[PDB]
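Take a look at the structure below.
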Amino acid sequence: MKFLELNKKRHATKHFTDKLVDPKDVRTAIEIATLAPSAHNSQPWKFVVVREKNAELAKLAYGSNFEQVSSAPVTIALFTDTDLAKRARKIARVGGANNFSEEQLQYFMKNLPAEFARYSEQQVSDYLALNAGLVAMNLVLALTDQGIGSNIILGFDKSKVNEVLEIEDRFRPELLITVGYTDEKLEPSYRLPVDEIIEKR
Amino acid sequence: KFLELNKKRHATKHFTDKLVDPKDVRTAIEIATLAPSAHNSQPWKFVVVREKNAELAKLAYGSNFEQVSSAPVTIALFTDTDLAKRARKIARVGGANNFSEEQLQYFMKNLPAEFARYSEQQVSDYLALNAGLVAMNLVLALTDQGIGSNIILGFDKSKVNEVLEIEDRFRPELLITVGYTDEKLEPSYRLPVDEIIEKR
Ligand SMILES: Cc1cc2nc3c(=O)[nH]c(=O)nc-3n(C[C@H](O)[C@H](O)[C@H](O)COP(=O)(O)O)c2cc1C
Ligand SMILES: Cc1cc2nc3c(=O)[nH]c(=O)nc-3n(C[C@H](O)[C@H](O)[C@H](O)COP(=O)(O)O)c2cc1C
């Protein structure tokens with residue numbers, strides 16, 4: 001019904017008008033987006049709202065991503081926390097006894113980190129990438145709900161992003177999300193027929 | 001009213017006996033896959049488990065065992081580890097009816113070439129992220145239909161293909177239990193927004 005309607009108006013936006021994007025709207029969209037579930041409720045994410053370093057950042061984008069990042073009034077660099085033990089502890093420290101029982105606090109302070117310590121490098125890397133996908137989706141929908149266009153960009157030079165945006169190396173860049181109002185009518189892109197991608201077991 | 005939809009999505013762990021209509025599951029999946037994906041590669045497979053649940057449940061760790069046993073449906077979400085094959089599938093199925101000359105060549109030639117250059121980790125991260133995008137959309141789609149869900153990462157990935165009889169080309173990403181909920185759930189904790197935002 002109404003969620004279908006939201007989805008039909010989300011498009012990959014590549015050309016933006018000059019209309020200003022209100023930081024109150026960006027903050028709201030991000031606050032809705034983080035209601036997203038995450039494995040362990042680890043919420044291992046950091047949103048870097050770029051309004052000043054856009055031209056610099058754009059030099060890291062490949063092909064036509066260069067023009068998208070240069071023009072977009074806002075780009076949100078989505079980072080994930082590669083120190084999953086510190087991320088669990090952060091949740092315990094910030095939430096505290098006002099949000100958590102003693103059992104829950106021990107879990108985030110000690111149990112969970114002990115679990116994370118036994119993850120392979122691929123397990124960690126997949127975990128962060130997956131949780132970034134969950135929240136990135138919620139974010140673009142939240143923007144769309146406010147009438148704001150966006151595009152998720154993976155074609156950029158991840159190795160320079162921390163340096164350019166002055167973010168601790170503990171955080172790795174996952175995605176750039178350009179944010180702005182759209183200067184062109186767009187058509188829905190192709191999706192496989194649903195019965196093509198469903199299996200019954 | 002997206003804020004409101006989000007506020008009614010919860011991690012649901014105990015379900016009522018109300019049946020889950022296969023039509024609703026199909027519809028939620030159809031909406032979910034409106035999700036964007038990198039390159040529009042849409043590298044997903046949704047395995048709707050209605051008959052093999054008890055056996056699937058043995059692969060799920062700790063408290064997840066009971067969720068997978070109890071849920072009237074679990075959707076096992078797989079990604080396509082053969083991305084060149086996925087690109088060419090899109091081109092085959094979509095065809096001339098959906099794609100221009102240039103678009104067809106992009107999916108049959110250019111895209112598989114790009115995929116060939118990715119490291120093993122890059123490929124793993126690509127499938128994981130795309131799974132997260134669509135899993136989020138599925139879970140909201142279900143919510144919008146009054147249906148509860150929980151995403152489960154705590155399961156034995158090495159045995160899911162054998163148990164569910166799914167070709168090894170596809171790798172299990174997540175189990176998503178689906179059913180109507182039997183308890184008042186309160187929202188779980190989220191960090192204050194100004195704690196997860198930097199300005200640059
Ligand atoms: C990727 C992911 C993996 C999850 N894995 C499990 C799990 O294995 N066992 C479980 O009981 N819940 C699992 N969940 C549920 C989370 O604990 C839950 O979504 C989180 O605590 C946030 O609370 P909320 O969903 O009510 O907002 C998982 C959720 C996500 C998104
Ligand atoms: C994970 C992901 C990565 C993407 N990377 C790029 C990119 O590198 N460059 C670009 O121009 N668009 C990028 N996009 C846009 C995709 O091409 C687009 O989302 C996809 O074709 C689906 O189209 P739609 O969102 O309009 O439905 C990306 C989208 C996703 C979700």
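Values below: every heavy atom of this structure, side chains too, minus hydrogens, waters and symmetry copies. Just so you know, ligand 1 is whichever comes first in the structure, and atom 1 is the first atom listed for that ligand. Chain identifiers are assigned alphabetically (A, B, ...) following the order of the sequence lines, protein sequences preceding nucleic acid strands; residue numbering begins at 1 within each chain.
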Quick test: of every protein heavy atom, which one is nearest to [atom], and how far off is it to 0.1 Å?
atom	result
atom 12 (N) of ligand 2	A:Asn151 OD1, 3.2 Å
atom 19 (O) of ligand 2	B:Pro36 CB, 3.2 Å
atom 18 (C) of ligand 2	B:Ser37 O, 3.7 Å
atom 11 (O) of ligand 1	B:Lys13 NZ, 2.6 Å
atom 28 (C) of ligand 2	A:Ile152 O, 2.6 Å
atom 21 (O) of ligand 2	B:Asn40 CB, 3.1 Å

Check: B:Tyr180 ring centroid to B:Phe15 ring centroid under 6.0 Å: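 That pair fails the under 6.0 Å test.
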
Would the B:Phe155 and B:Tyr61 ring centres measure less than 6.0 Å apart?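 Aromatic pair excluded; centres sit 6.0 Å or further apart.
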
Within the structure, is a non-hydrogen atom of A:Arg10 found at a distance of less than 4.0 Å from ligand 2?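 Under 4.0 Å: yes for A:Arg10.
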
List the atom of A:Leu134, the atom of B:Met136, and the distance in Å for their closest heavy-atom pair.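 Distance-wise, the nearest heavy atoms are O-CG, 3.3 Å.
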
Are any of the side-chain nitrogens in B:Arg169 or B:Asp80 under 4.0 Å away from the carboxylate oxygens of its partner?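 Salt bridge: yes.
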
So, A:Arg191 and B:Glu30, do they make that salt bridge, N to O below 4.0 Å?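 Salt bridge flag = no for B:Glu30 with A:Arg191.
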
N or O pair under 3.5 Å between B:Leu153 and ligand 1: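 There is such a contact, yes.
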
Under 4.0 Å, heavy atoms only, figure out whether ligand 1 is touched by the backbone of A:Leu134, its side chain, both or neither.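 Side chain only; the backbone of A:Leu134 stays clear of ligand 1.
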
Should the proximity of A:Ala36 to ligand 1, defined as any heavy atom under 4.0 Å, be assigned to the side chain, the backbone, both, or neither?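 For A:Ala36, no heavy atom sits under 4.0 Å from ligand 1.
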
Side chains of B:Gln121 and A:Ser125: donor-acceptor distance under 3.5 Å anywhere?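 The answer is yes; a qualifying pair exists.
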
Going by heavy-atom distance to atom 3 (C) of ligand 2, choose the closest among A:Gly133, B:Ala38, A:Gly155.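 Going through A:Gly133, B:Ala38, A:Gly155 one by one, B:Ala38 has the nearest heavy atom to atom 3 (C) of ligand 2.
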
[X] heavy atoms, cut-off 4.0 Å: which ligand 2 atoms fall inside?
X	answer
A:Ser189	22 (C), 23 (O), 24 (P), 26 (O), 27 (O)
A:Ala12	18 (C), 24 (P), 25 (O), 26 (O)
A:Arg191	22 (C), 24 (P), 27 (O)
B:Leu129	1 (C)
A:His11	26 (O)

Parallel, tilted or perpendicular, as decided by the 30° and 60° cut-offs, for the rings of B:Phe107 and B:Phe99: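 Ring orientation of B:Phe99 relative to B:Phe107: tilted.
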
In terms of ring plane angle, is the pair A:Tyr127 and A:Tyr119 parallel, tilted or perpendicular, where the classes change at 30° and 60°?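 Geometry flag for A:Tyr119 against A:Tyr127: perpendicular rings.
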
For the pair A:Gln43 (side chain) and A:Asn41 (backbone), establish whether a donor and an acceptor sit closer than 3.5 Å, ignoring hydrogens and angles.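 Flag set: sc A:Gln43 to bb A:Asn41 pair under 3.5 Å.
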
Any idea which atoms of ligand 1 are less than 4.0 Å away from a heavy-atom of B:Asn64?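 It comes down to these atoms of ligand 1: 7 (C), 8 (O), 9 (N), 10 (C), 11 (O).
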
Quick one, B:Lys89 with A:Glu196, criterion salt bridge (charged side-chain N to carboxylate O under 4.0 Å, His left out). Give me CA distance, side-chain angles, the key distance, then yes/no. CA-CA 10 Å; B:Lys89 174 188 183 84; A:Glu196 192 63 75; 3.5 Å; yes

